[PDB]
Each structure stands twice: as C-alpha cells, then as structure tokens.
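First residue of the sequence shown? That's 5 in the UniProt record's numbering, and the numbers climb one at a time after it. Worksheet: one structure, shown below.
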Amino acid sequence: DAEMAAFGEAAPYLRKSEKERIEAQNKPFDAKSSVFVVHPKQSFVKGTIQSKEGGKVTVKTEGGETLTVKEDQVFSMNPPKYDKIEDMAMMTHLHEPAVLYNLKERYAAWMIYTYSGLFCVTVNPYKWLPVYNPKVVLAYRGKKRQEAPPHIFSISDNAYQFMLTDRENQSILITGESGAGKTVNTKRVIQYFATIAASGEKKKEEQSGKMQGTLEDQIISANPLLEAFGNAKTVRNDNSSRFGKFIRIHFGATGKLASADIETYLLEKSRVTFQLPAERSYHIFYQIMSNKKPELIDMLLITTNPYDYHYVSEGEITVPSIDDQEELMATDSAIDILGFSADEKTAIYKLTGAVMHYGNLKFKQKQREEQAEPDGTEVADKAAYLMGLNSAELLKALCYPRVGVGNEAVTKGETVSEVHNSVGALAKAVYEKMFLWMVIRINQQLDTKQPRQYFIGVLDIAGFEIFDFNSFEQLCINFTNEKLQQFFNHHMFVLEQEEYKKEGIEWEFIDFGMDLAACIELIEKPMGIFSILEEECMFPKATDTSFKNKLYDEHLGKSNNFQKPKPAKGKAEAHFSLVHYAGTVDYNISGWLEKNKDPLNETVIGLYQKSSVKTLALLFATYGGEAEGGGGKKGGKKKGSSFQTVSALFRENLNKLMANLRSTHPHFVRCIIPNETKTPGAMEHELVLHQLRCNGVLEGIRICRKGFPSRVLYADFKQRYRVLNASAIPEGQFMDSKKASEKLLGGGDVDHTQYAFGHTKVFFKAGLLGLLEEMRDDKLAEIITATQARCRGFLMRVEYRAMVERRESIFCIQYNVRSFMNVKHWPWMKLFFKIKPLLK
Numbered sequence: 005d006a007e008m009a010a011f012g013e014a015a016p017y018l019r020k021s022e023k024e025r026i027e028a029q030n031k032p033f034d035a036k037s038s039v040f041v042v043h044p045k046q047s048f049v050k051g052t053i054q055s056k057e058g059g060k061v062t063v064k065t066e067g068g069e070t071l072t073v074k075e076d077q078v079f080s081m082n083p084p085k086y087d088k089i090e091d092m093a094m095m096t097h098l099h100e101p102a103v104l105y106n107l108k109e110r111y112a113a114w115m116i117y118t119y120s121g122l123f124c125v126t127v128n129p130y131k132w133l134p135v136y137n138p139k140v141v142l143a144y145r146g147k148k149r150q151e152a153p154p155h156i157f158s159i160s161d162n163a164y165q166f167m168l169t170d171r172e173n174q175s176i177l178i179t180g181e182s183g184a185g186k187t188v189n190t191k192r193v194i195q196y197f198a199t200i201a202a203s204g205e206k207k208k209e210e211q212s213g214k215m216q217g218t219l220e221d222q223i224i225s226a227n228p229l230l231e232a233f234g235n236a237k238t239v240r241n242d243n244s245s246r247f248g249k250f251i252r253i254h255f256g257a258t259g260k261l262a263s264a265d266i267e268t269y270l271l272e273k274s275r276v277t278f279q280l281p282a283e284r285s286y287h288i289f290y291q292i293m294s295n296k297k298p299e300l301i302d303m304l305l306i307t308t309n310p311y312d313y314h315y316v317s318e319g320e321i322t323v324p325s326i327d328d329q330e331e332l333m334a335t336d337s338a339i340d341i342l343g344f345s346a347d348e349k350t351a352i353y354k355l356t357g358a359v360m361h362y363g364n365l366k367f368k369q370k371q372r373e374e375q376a377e378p379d380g381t382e383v384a385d386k387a388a389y390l391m392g393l394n395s396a397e398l399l400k401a402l403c404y405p406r407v408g409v410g411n412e413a414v415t416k417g418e419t420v421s422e423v424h425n426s427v428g429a430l431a432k433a434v435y436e437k438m439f440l441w442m443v444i445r446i447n448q449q450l451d452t453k454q455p456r457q458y459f460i461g462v463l464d465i466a467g468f469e470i471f472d473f474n475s476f477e478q479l480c481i482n483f484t485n486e487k488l489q490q491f492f493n494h495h496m497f498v499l500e501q502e503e504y505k506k507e508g509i510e511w512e513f514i515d516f517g518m519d520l521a522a523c524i525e526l527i528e529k530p531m532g533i534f535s536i537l538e539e540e541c542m543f544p545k546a547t548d549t550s551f552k553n554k555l556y557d558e559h560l561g562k563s564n565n566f567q568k569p570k571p572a573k574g575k576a577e578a579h580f581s582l583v584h585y586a587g588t589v590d591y592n593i594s595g596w597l598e599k600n601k602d603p604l605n606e607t608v609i610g611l612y613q614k615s616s617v618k619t620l621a622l623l624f625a626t627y628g629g630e631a632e633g634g635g636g637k638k639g640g641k642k643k644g645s646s647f648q649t650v651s652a653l654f655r656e657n658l659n660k661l662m663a664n665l666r667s668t669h670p671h672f673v674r675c676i677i678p679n680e681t682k683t684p685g686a687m688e689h690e691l692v693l694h695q696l697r698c699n700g701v702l703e704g705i706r707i708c709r710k711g712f713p714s715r716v717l718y719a720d721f722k723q724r725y726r727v728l729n730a731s732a733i734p735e736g737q738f739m740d741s742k743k744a745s746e747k748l749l750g751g752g753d754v755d756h757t758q759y760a761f762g763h764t765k766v767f768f769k770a771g772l773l774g775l776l777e778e779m780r781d782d783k784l785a786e787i788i789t790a791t792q793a794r795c796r797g798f799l800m801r802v803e804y805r806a807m808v809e810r811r812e813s814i815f816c817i818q819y820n821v822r823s824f825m826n827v828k829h830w831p832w833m834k835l836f837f838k839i840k841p842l843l844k
C-alpha cells in the first residue's frame, strides 16, 4: 500500500490491498477435511471430505455434489496463507490442482502475472489493462523480483541488471499456443529495452520521432513489416504469428543500445496458397487491396475484390478488429524507416502481386495429348511483367520443364495437375525467400559500427502443440521444444545444486535434462528419424511408404521412445508415435519426402535468376550457385550448395540457436490462453491444464517437489517473514540477503529439519508447513491459556469490588423491610398511616 504508488493505478492488477490480503490469509481453515478432487466433467473441483471408505473417498463439492473417488483422486489444499501467491513454487502443496487453482484465482481478480518457479506465467486478459503503463515501466526499474509483484518487466529488467552485474549475456524465452498472445509480449518486452536504455541523444527529439532514420525505431518498426508478411488471422488470434523469431539486442559497454539481430524460423508457406474457412492469409494482401494507396492497385494490376485471387480468399477477407487501410501505411512507412530502396520497396510490392496472379494462372489439356498447354496469356502477361520476365519463356518453362537427367538437359512435359502444383510451389518459394531477404535487409540496417559487449536474446516460437493430426511441421516444432525444455531442466539442475551448496545441505542429484536425451537422440542422431528422412530423399524412387519401413526396421522394437500408433481416439491415421516429455505424439508421414525435397522447377528459377527485377534476381542466387553440384540425374544437391533435406537446415539453424541460447543466462516466460471462447476473467480448466504440461510449468513443479516442494527465494523470504523475530530476522535479511534468512530461522519453535538452504533459496517441506503450524498451535495454548487466566482472575477481582460496595446497601434494604413486616400490623402504626396524610 505504502509501497505501491509508482503503479498506483495499475496496483490493483499487480497486487491487492493490504487487507484484501489479510482478510484472505487470516481466515478459518480445516486442513484434514478441505481438499481438491478429480472430476469427470470439470477437471478438478474443490470439496470437503465427508467420509473415508478405507481407500475410497466421499466428498462434497463446491456447487454441491457428492462423489466417492479413489484415495489418489484426492489432493490436499493449501492453507489460506497461500491464496494468490506470487510464486506458486512457494506453496507447500505442489500438486496439479493447486497450480491450476492459483492461476485461476488471481485471474478472476485480474492478475495476469503469476510466477511458477522461474517462469513468469502470463494469462490473456482479453481486455485492456493499465499494466503496460508508462508508470510501471519505471517502477520495475532497478527492482529484484522480490521487491515487486509478478510482472514481465520484472523479468525484463532483471535481465538487464544481471546483464551488467554478471557480465553475461541473457535470454528470454517466450512460448505458448497460437492464441496465448506472445508477439504482444515480445513486442512489449522489446519496447522495454529500447526505453530503459536508449539515448541516441540526437534521435530523441520530437521531430519525426520514431520515423525511419533512427533504430530504437528501426528496432521497433521492424515488427509491423514482418507482421504484414508473416502474420495473419488465425481462428484463435486475429494477428497470429505464423513464424518464429529470435532477436539479439546488442547492448553496448556502457549499457546503452548498440545493435539488433533478427532470425526467422519456420514460416507458414501454406497460407500463401491456402487458408482455412475461418482464417485468412497474410495481412499484406488484404492491406494492399484495401485501397489506401490506389496507385498500388494499378501498379500491381489487380483489383480491390479479393475474390479475384483464389490464393487469398479461400477463407475470410475481412476482420472487424483490423483496419487494413491504416496498416498499409504502417507497413509502408516502416519499409522506409527500415532503409529500403524505393525500388526494393517497389520490388516487394510488385513481387507480392505477382504471387496473387500466379494463383490465377490457368491451364488446359492439349488435345489428344495429356499435356498442359496455357489457357491464355492474360495473366501470365502481368505476372511476367511484374517480375521482369517474358510471358512466353515463362509459360514454356512451366509447361515444358527442361530438365537435366544424365549429363545433359532433357526436356520434360507436364500435366495440367503438375503445373498448377508447380506454380503454387514457386508462389510459395518466392514469397518465402523474399520474406527471408526482407529480414536480412532489416538486419543490415540494424548493423552499426559501435562496439558490442553483450546482448539480450528474445526468442519467440511456438510450444509443443498436440493435434489429432501431427505432420512434419509438428515434429520440427516439437523437436524444438523438447530441446528447449531440456535446456531448462538443466539450468534448473545447475541452479538448484548451487543452493544446496550455498546452504550446506547434502543433496545429490543427477541432471534433470538427462531424462529427455533419449527422445532427442532418436530424432537428431545419425540413424535417427531425420537422417532416415533425409537419406531417402536421395533415392530417386523412394516412397513415403519406403521411408516408413526404413523407419521401423531400424527403430522398432529396438527403441523405447519409438512406437507404432494408436490409430483411434481423436486421431486420423497411423504411422508412428514418439514419447516426448509432454506426452505421446502420433505422427503421420505423408508428404514428408516431398515437403522435405522442396521441389522447384528449375527452368523457371532460371528465368528469375536473370530477371530485370534485380531483387527477384537476387533472392534466387543461392539456388543458381549450387546447380554446379547436382549437374546430373540422381546424386547430391549439396555438392553445389543446394539443400539435400527439408530438415537439413532446420537442424543447422536450430543448432546455431541452441548454441546462442547456451552462452546465455536463460530467462523464461510462459504465455497462457484462458478460454477458446475469448472471455476475460475466465478459464477452461483442462485447457489451461494442458498448457501447463507442455509448458514446462508442471515439470518445474515436479523437479521442485523432489522432496522439498516449496522453495523460497531469499528476499522474497525476508520481506514476508522478517516480522516473525522481527529484530533478528530483519538484521539477517538486510545484513546478507541470503545469510539473513539463515539467521532468521534462528527463532521459532519450528522443525529445523524440514528446511534446507542453498545458493539461491531455501527448501522447505509441506507436510512441513503442517509441521510448522503444529508447533505454533502449542505456542498459543501457552499464549492463550495464560491470557485467559489473568482475565478470569481479573474478572472476579471486579466482582469483589461490587460485592463489597453492595455490603451495606443490602443491610439497609435487609433490615428496612423487616421493620415493616412487624410494624404494619401495629395499631399505632396504622393510625399514623391513616393520619400521615392530614399533615403538612
């Protein structure tokens, strides 16, 4: 309360009033009866234990329901002291339910940031909050996470701190499902950096501030370009990230901004050509056809009605929450700031329209032949011109692909179906490349000469998602995540072990990563999936089926993580399941071989390679330089620098990454999505539960509980408990951030067993907190019983003062009555009586 001011307005969403707290922690609780329990419809609901069937349990509900469930379908419930705990990992009850429940409660209260160990859980508000508030930004500035409530800037600042304090590079790993809202965070983190450590001095003035011509802006401006090209309306989000990314913010020596570095991973090439019914393609398209810059429409030779471009109107065209017109400029302007040449800025556009046109390219069967022949030179003409090509040459290459089988170049004829498909392949190919280029070009501007001493990497990618249908793309992502996870499990193992070393506890344990090495080797190692995948790609006459068998003959029965599918449930077909940390994933191998080969009509590429549109020409260069290497039929593309695998890079890139991640001090952020239905203050259970498993959150709790569940960070320990032996615990905490907590525990009639210290934190049992209380319980009997007595004593002590006072007033009353009883019958007195009145 006193503290909170900085936020003030945000406060309510960060922390609760000091009595709201108090009114919550200090309330009646019946441990032995209060519990969490399994539940057929709702995941886990709370209840009170009624009876006990010797190994069955009957419980009441909170809604009113009675169920008799197993002994282990029943889970304890944390004392009220742990209501809306900033760090669930401090709880003395490391369960599945308690975690779900904590998140949930502090959300219904509008607190989106709750920590779960090292993580920084984040829940989609689905509404607006004063959190990103320009006041907060400062507030979180220079504060350990124990000096402030759960928030992302905490993570983000600490990184910075740590950056300069330890002289190590840092990282932030943001991860969640499609609708979790990571971009948003990522972006928000980024602003944070830019703000708190900028100072271009000259660039700071209110004169076209943030326009092209400064980075802090470039840095920023970056996003809105990428977003136009790599973002789209998903059925979950309205601006979903259809690719992954890694930015390196290169801080200087002083500590002020110096450089940036983007890298893109796994772009959703398919959107370019397809789209689900409730979705839509990349924005750009819709941006452009919006008509805010009419020249563009005529320049590209298109219309404003998307239904003229099959490729981009298979799903939806308009989204209410998006103003395509505004963005177009945003985009536009960003390009400029980004330093692109008008020409390039022209290529981009012109090139983005060609692609639309391609999808309009039509063909027909030559008569009496099964060959494809152009169905007109209306569109080709446009595509051709827009790309700096020749209509004819183009349609030929497309129709009569001139190949090179043997030591020559053999002209091959294609079918209608073959063309339509090849076209689509280029459309996608071109878009991609371009996108890649843009990134590079961005990076290029984001390159300064100033020295760099450290960087802070911000990684944004998807998390392990399980679908009834898992294809190639899923493997690639899952694999990424299963790696990332191990990356953590280790950091934690390293980390943990420091405490027990700092404190002096005697705990031995094996790396937690190790548990996952099994799965990883199976994928990335030599006779593993990828290899078998990338070898077969060399066999001119291999089949998905072929590949499949090779997969089995070699891994089946011999490998544990390897399994043959469970074809039924919500799944669509059979091929192979894997046993990832998050669970079993059923993978379908169909298209892999192809997808992995990235087959492109080289004749056409030829044309690109010699376009009048330099940029287009450029994008293709690297294909043109490896052809030397795969001159004759069969063989190896790599000889000339051409990719041999769809997967060959992914790995290379994923390695270059995980390596960059190592020379880093990992900082974790887990983004969460409350309800599919888009409702603030709500949460489907099992939906959040899922995420938690695949997040790493539930695995961090596990590793924590091995053991000594709740683990308190030292400052977080000082503040909250100094008050217990106030003098001696405060001194300890202040005198040595760690040594303090040590010193503190000096007092209390508590089990000096139940805990254990170490380099970054204390370890504590539960049934520990349970132990604590008990001691406490006895200590009040003392306190009370004694306080009762005095009272009791004192109580009667006042009775004597009254008894005594009364002493005479009674007598007076006593005797006085007696008189009368005697008198009232006496003549003389009756006389006086009748007579007493006549007097005066």
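We treat Cβ as the ideally placed atom computed from N, Cα and C, and that holds for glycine.
Here the alpha carbons of residue 390 and residue 376 stand approximately 24 Å from one another.
Under a 10 Å Cβ-count criterion, residue 829 is classified as exposed, with fewer than 16 other Cβ atoms of the shown protein chains found around its own Cβ.
In the three-state scheme derived from DSSP, where H, G and I count as helix and E and B as strand, residue 296 is classed as coil. Spanning the alpha carbons of residue 463 and residue 185 requires a straight line of approximately 14 Å.
A residue is called buried when at least 16 other Cβ atoms come within 10 angstroms of its Cβ; residue 680 does not meet this threshold and is exposed. Checking the DSSP bridge columns, you'll see residue 50 partnered with 40.
Every unbroken stretch of the alpha helix (DSSP H) spanning 4 or more residues and falling wholly within the stretch 82-123 is given here in chain order: 101-109. Straight across, the Cα-Cα distance linking residue 531 with residue 403 is about 39 Å.
Less than 8 Å divides the Cβ of residue 517 from the Cβ of residue 493. Inter-segment contact for the stretch 243-253 and the stretch 220-235 is present: three or more beta-carbon pairs are separated by less than 8 Å. Take the alpha-carbon of residue 664 and the one of residue 66: they are about 49 Å apart. Counting along the chain, no beta strand (DSSP E) covers residue 804; the unbroken alpha helix (DSSP H) around it starts and ends at 773-827. Within the stretch 350-396, the alpha helix (DSSP H) runs of at least 4 residues that lie entirely inside it are, in chain order, 383-391. For residue 581, the enclosing beta strand (DSSP E) starts and ends at 580-583. The DSSP-derived three-state label of residue 159 is helix. Contact check for residue 261 and residue 205: beta-carbon distance about 12 Å, past the 8 Å limit, so the pair fails to qualify. Straight through space, the alpha carbons of residue 818 and residue 812 are spaced by roughly 9 Å. Per DSSP, reduced to three states, the secondary structure at residue 188 is helical. Annotation for residue 770: 96, 97 and 713 place their beta carbon closer than 7 Å to its own, counting only its chain and skipping 5 residues before and after.
Straight through space, the alpha carbons of residue 55 and residue 43 are spaced by roughly 17 Å.
When only Cα atoms are considered, residue 148 and residue 213 end up about 32 Å apart.
Per the Cβ contact rule, the stretch 533-548 is not in contact with the stretch 668-676 (fewer than 3 Cβ pairs under 8 Å).
Following the DSSP letters along the chain, one finds residue 80 in no alpha helix (DSSP H) but inside the beta strand (DSSP E) bounded by residues 78-80. Taking C-alpha positions only, residue 356 is separated from residue 450 by approximately 24 Å. Boundaries of the beta strand (DSSP E) around residue 760: 759-762.
Counting along the chain, residue 691 sits inside the alpha helix (DSSP H) bounded by residues 689-699. Residue burial annotation: residue 325 is exposed, with fewer than 16 other C-beta atoms found within 10 angstroms of its C-beta. A Cβ-Cβ separation of about 5 Å places residue 168 in contact with residue 259 under the 8 Å criterion.
DSSP places residue 591 within a strand segment (E or B) once states are collapsed to three. Cα atoms of residue 288 and residue 231: separation of roughly 8 Å, rounded to the nearest angstrom.
Per DSSP, reduced to three states, the secondary structure at residue 541 is coil, with no helix or strand assignment.
Judged by their CB atoms, residue 200 and residue 252 are not nearer to each other than the 8 Å cut-off.
Spatial neighbours of residue 275 in its own chain (CB-CB distance under 7 Å, excluding positions within 5 residues in sequence) are listed in chain order as 236, 246, 285 and 286. Cα atoms of residue 437 and residue 567: separation of roughly 37 Å, rounded to the nearest angstrom. A direct Cα-to-Cα measurement between residue 126 and residue 47 gives close to 21 Å. Secondary structure note for residue 341: its alpha helix (DSSP H) is the uninterrupted segment 328-341.
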